[PDB]
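Colleague:
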């Protein structure tokens, strides 16, 4: 347990134990000193002003944090495929985290000549927010998670948070948190850290697509013992009204009585990939669906899970109804379509309404001898007893869990971005290099020291997660759809490294391949 | 009192003994009456209610709009469709990620 002894080994691989899968990942990280060892107040004001919808107030801290809330941090593409093609569901159960082989280095810069040396006596502080007393930052789809490729060395993201704001100002109820006011473990090179976590009960994610739709669940050979209004007129001409009824049969499925209806909706604007079909105007924000919270508007994104488009119109997508990842090396601003990957929420069209369509129509008056029957379009429909739906799919590059807000009420708290919702998700893990003062003056001074030895640390991280599988039990005769690689030759291998050594994930990968009845 | 009225497709209608399959007259069918639940459930052929649609001010008058369809709201209470001697007994709840009050 000293300077010349490793404090942990490299564990990286998966084990498939029947109904369970155990993924273990190790990456090597680097932690700089953030904020000059200072807690700093930030707002849209210190950010260079902004619009009201983007106003905020908060603090940036000198701490970093570990984040592995993305599936590719645990599953290799090959494993994701094994999961995807053979199970009807899965979910996390246990988690084991480790920090080891810490190395604190000191940088010296004299006359531009920079040099790095070990500072053996320096420490790094670590602690877990086991009681969720700090603002939960994971599950906001932030960058900075463990890289998908094991060989990549990553930089630990800086921790910051937001509280209540009134423009760029704070309010009485705004909270300020100091992470030093938390007990934390201190470790020198040769010391290590570790902890375990139990995932609370969460339903299995449905990694299947339905092999039949909500409106097509009857026996196509028999009639119902129910009738429907089929004629209100006996033919053109004056006073031709009547009431004729017919049996709802195979010949008219649209009219049949049903026990369950499609899930809720919130109409999204429809955008086309073949640009010339879109309106010649800027509607990215104007024509976007949104919600208001205390005078501020936020984009309804990704919103309720809805099918991306009608059958065949694959060139269409909801303005902000699906997740879109960037391809390897894609820039940050105004990037072209070809440099991004838009997820396709199609498999759920069997139960969820289409995002760019109306939920349906409702009557809006009392038809009478004088007035004709009128209908109106339902653009957004809240929950109704009898509704049934699927949740957003999850992706290899997508988030895994989210913290369910602690509130009096909520409904089906499944994270809208996809994933598992939990009141007590994996705790945040904060880390920071303990400040090491430079030589202080030889005469006392009450001011806090502001002269520090420049340092940064590096080490390994290990995350082991145990997943529970729900295996397939289909009696389907014909073969199923399976995720596969392309047979055809090509310059590079999909999900492999470049000739420059750049790993890249060519496309998003969902979980809905196997099928199941409704 | 307006017993002569019924929702276009809001109630179940069975056929009387021997009634044909197509374009049968009113007298040869039996339309169920979902009346007893008017104590908690809104009327099918009516609006749920009205909501404000603007900010009344010195210049603008208060305006309301009709709620033609209303999803669940915390605080709602209701009865489910009645069951009949000739009616169905059970149904299979679709195996899906979510659903609400899966009563057929």
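Protein chains in written order, with the authors' numbering: chain A, 219 to 736; chain A', 530 to 633. A prime marks a further copy of an entry chain. Yeah, the Cβ is synthetic: ideal placement off N, Cα and C, and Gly gets one too.
From the DSSP output, in three-state form, read off residue 511 (chain A) for me.
Modeller: Residue 511 (chain A): strand per DSSP, three-state reduction.
Colleague: Does the region 368 to 379 of chain A come close enough to the region 266 to 281 of chain A that 3 or more CB-CB pairs lie under 8 Å?
Modeller: Contact between the region 266 to 281 of chain A and the region 368 to 379 of chain A is present, because at least three Cβ pairs lie under 8 Å.
Colleague: Which value, in whole angstroms, describes the spacing of the CA atoms of residue 598 (chain A') and residue 481 (chain A)?
Modeller: Rounded to the nearest angstrom, the two C-alpha atoms are 15 Å apart.
Colleague: With distances taken between CB atoms, is the gap from residue 403 (chain A) to residue 650 (chain A) smaller than 7 Å?
Modeller: In this structure, residue 650 (chain A) does not lie closer than 7 Å to residue 403 (chain A) by Cβ.
Colleague: Whose CA, out of A:238, A:246, A:237, A:440, lies closest to the CA of residue 230 (chain A)?
Modeller: If we check each option's Cα against that of residue 230 (chain A), A:246 comes out closest.
Colleague: Indicate whether at least one CB of chain A lies closer than 7 Å to the CB of residue 614 (chain A').
Modeller: No, because no Cβ of chain A sits closer than 7 Å to the Cβ of residue 614 (chain A').
Colleague: Going by beta-carbon coordinates alone, are residue 523 (chain A) and residue 477 (chain A) separated by less than 7 Å?
Modeller: Against a cut-off of 7 Å, the Cβ pair of residue 477 (chain A) and residue 523 (chain A) comes out as no contact.
Colleague: According to DSSP, which residues form a beta bridge with residue 426 (chain A)?
Modeller: For residue 426 (chain A), which the question treats as bridged, DSSP gives the partners A:732.
Colleague: Quick check on this structure: which residue in A:566, A:531, A:573, A:514 has the alpha carbon closest to the alpha carbon of residue 538 (chain A)?
Modeller: Nearest option by C-alpha distance: A:573.
Colleague: Using a Cβ cut-off of 7 Å (strictly closer), state whether residue 539 (chain A) contacts chain A'.
Modeller: No, its Cβ sits nowhere closer than 7 Å to a Cβ of chain A'.
Colleague: Return the chain-ordered list of same chain residues with a C-beta closer than 6 Å to the C-beta of residue 557 (chain A'), the five sequence neighbours on each side being excluded.
Modeller: If we look at residue 557 (chain A') and ignore the five residues flanking it on each side, its Cβ neighbours are 545, 548.
Colleague: Should residue 273 (chain A) be labelled buried (16 or more other beta-carbon atoms within 10 Å of its own) or exposed?
Modeller: Residue 273 (chain A) is buried by the Cβ-count criterion.
Colleague: Using CA atoms only, rank isn't needed, just tell me which of A:429, A:287, A:514 is closest to residue 268 (chain A).
Modeller: It is A:514.
Colleague: I need the straight-line Cα distance from residue 213 (chain A) to residue 642 (chain A), nearest angstrom please.
Modeller: Because chain A spans 219 through 736 in this model, residue 213 (chain A) falls outside it and cannot be assessed.
Colleague: Between the Cα of residue 621 (chain A) and the Cα atoms of A:417, A:387, A:389, which residue gives the shortest distance?
Modeller: Among A:417, A:387, A:389, the Cα nearest to that of residue 621 (chain A) belongs to A:417.
Colleague: Out of A:354, A:533, A:465, A:628, which one is the CA nearest neighbour of residue 647 (chain A)?
Modeller: Considering only alpha carbons, the answer is A:354.
Colleague: So which of A:400, A:285, A:287, A:448 has the shortest CA-CA distance to residue 542 (chain A')?
Modeller: Checked all of A:400, A:285, A:287, A:448; the closest Cα to residue 542 (chain A') is A:448.
Colleague: Which residues mark the beginning and the end of the beta strand (DSSP E) in which residue 173 (chain A) is found?
Modeller: This structure gives no information on residue 173 (chain A), because the portion of chain A shown stretches from 219 to 736.
Colleague: Report the residue ranges of all beta strand (DSSP E) runs contained in full by the region 335 to 361 of chain A; include only those spanning at least 3 residues, in chain order.
Modeller: Runs found: 342 to 346.
Colleague: Between residue 702 (chain A) and residue 727 (chain A), what straight-line distance do the alpha-carbon atoms span, to the nearest angstrom?
Modeller: Near 11 Å, if we compare the C-alpha coordinates of residue 727 (chain A) and residue 702 (chain A).
Colleague: Hey, out of A:502, A:518, A:501, A:500, whose CA is closest to residue 508 (chain A)'s CA?
Modeller: Nearest option by C-alpha distance: A:518.
Colleague: For residue 489 (chain A), which residues of its own chain have a beta-carbon under 8 Å away from its beta-carbon, when the five flanking residues on both sides are left out?
Modeller: Contacts found: 496, 534, 535, 536, 537.
Colleague: Put residue 555 (chain A') into one of helix, strand or coil per three-state DSSP.
Modeller: It is helical.
Colleague: Going by the beta-carbon positions, is the gap between residue 315 (chain A) and residue 413 (chain A) smaller than 7 Å?
Modeller: The answer is yes: Cβ separation under 7 Å.
Colleague: According to the Cβ coordinates, are residue 320 (chain A) and residue 397 (chain A) closer than 7 Å?
Modeller: The answer is no: Cβ separation not under 7 Å.
Colleague: Alpha carbons only, please: which of A:608, A:708, A:632, A:684 is nearest the one belonging to residue 734 (chain A)?
Modeller: Nearest option by C-alpha distance: A:608.
Colleague: Using alpha carbons as the reference points, say which of A:732, A:711, A:682 lies closest to residue 233 (chain A).
Modeller: Ranking A:732, A:711, A:682 by Cα distance to residue 233 (chain A) puts A:682 first.
Colleague: Measuring only the C-alpha atoms, how far is residue 470 (chain A) from residue 611 (chain A')?
Modeller: Distance between the alpha carbons of residue 470 (chain A) and residue 611 (chain A') is about 26 Å.
Colleague: Would residue 633 (chain A') pass as an interface residue toward chain A - the criterion being a Cβ-Cβ separation below 7 Å?
Modeller: Taking Cβ atoms only, chain A reaches closer than 7 Å to residue 633 (chain A'), which makes this a yes.
Colleague: Please check the pair residue 656 (chain A) and residue 670 (chain A), which I expect to be a contact at CB under 8 Å, by giving their CB distance rounded to whole angstroms.
Modeller: About 6 Å separates the two Cβ atoms, so the contact holds.
Colleague: Which of helix, strand or coil does DSSP assign to residue 301 (chain A)?
Modeller: If DSSP states are grouped into helix, strand and coil, residue 301 (chain A) belongs with the helices.
Colleague: Determine which residues of the region 660 to 681 of chain A have a Cβ less than 7 Å from any Cβ of chain A', and write them out in chain order.
Modeller: Under the 7 Å Cβ criterion, the region 660 to 681 of chain A contributes no residue.
Colleague: Nearest-angstrom Cα distance between residue 584 (chain A) and residue 594 (chain A)?
Modeller: Residue 584 (chain A) and residue 594 (chain A): Cα-Cα distance of roughly 13 Å.
Colleague: May I have a chain-ordered list of the alpha helix (DSSP H) segments no shorter than 4 residues that lie completely inside the region 421 to 486 of chain A?
Modeller: Counting whole runs of 4 or more residues, the region 421 to 486 of chain A contains no alpha helix (DSSP H) stretch at all.
Colleague: Among the residues of its own chain, which have a CB less than 6 Å from the CB of residue 722 (chain A), if the five just before and after it don't count?
Modeller: Cβ neighbours of residue 722 (chain A) beyond the five flanking positions: 546.
Colleague: Any idea what DSSP makes of residue 676 (chain A), helix, strand or coil?
Modeller: Of the three classes helix, strand and coil, the one that applies to residue 676 (chain A) here is strand, per DSSP.
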